[PDB]
There are 2 protein chains.
Amino acid sequence: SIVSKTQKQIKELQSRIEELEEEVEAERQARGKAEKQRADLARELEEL
Amino acid sequence: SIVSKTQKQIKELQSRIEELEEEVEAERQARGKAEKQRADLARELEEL
């Protein structure tokens with residue numbers, strides 16, 4: 001019974017790793033968007 | 001013996017899940033400071 005209930009734990013904790021991964025590439029794409037959002041806005045500053 | 005290995009496995013897989021949450025906060029403060037940087041430069045754009 002100890003084996004049964006912690007196998008459920010290594011089910012979900014390995015499940016959290018594969019779902020915590022999906023916001024690693026997603027909030028990389030935020031930093032892809034955010035740094036590129038300022039870059040044009042930095043560019044319009046200096047030409048002004 | 002196999003519940004001992006999962007006892008090793010539940011902590012060494014936990015050793016990665018601490019690192020992956022350590023990264024997801026880092027992109028959070030990065031994207032957090034980025035939206036505050038562009039909100040800062042949005043002010044003096046009109047001033048200039």
- Query: When the Cα centres of chain B and region A:1-16 are compared, how far apart do they sit, in Å?
  - Reply: 25
- Message: If you average 1/r across every pair of different Cα atoms in the protein assembly as shown and take the reciprocal, what Kirkwood value do you get, in Å?
- Response: 16.4
- Item | Rg [Å, one decimal], Dmax [Å, integer] - chain B, C-alpha atoms | 21.1, 71
- Summing -39500 (n - 2.57) over every DSSP H run of at least 4 in chain B, dividing by its residue total and rounding to the nearest 500, the 222 nm mean residue ellipticity is -33000 deg cm²/dmol
- Query: Taking only Cα atoms, what is the 0 to 90° angle, nearest 10, from helix B:14-47's long axis to the longest principal axis of chain B?
  - Reply: 0
- residue B:14/residue A:29 FRET efficiency (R0 41 Å; Cβ-Cβ; nearest 0.05): 0.90
- Task: Please list, or write none, the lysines whose alpha carbon is within less than 23 Å of the alpha carbon of residue B:36, excluding same-chain residues fewer than 8 places away.
- Result: A:33, A:36
- Task: Go ahead and run the numbers for FRET between residue A:36 and residue B:47, Cβ-Cβ distance against an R0 of 25 Å, rounding to 0.05.
- Result: 0.55
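No Cβ is skipped: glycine too gets one built from the backbone with ideal geometry, and neighbour counts run over all protein chains shown. Laboratory data are not the source of any read-out in this text; all were calculated from the coordinates shown.
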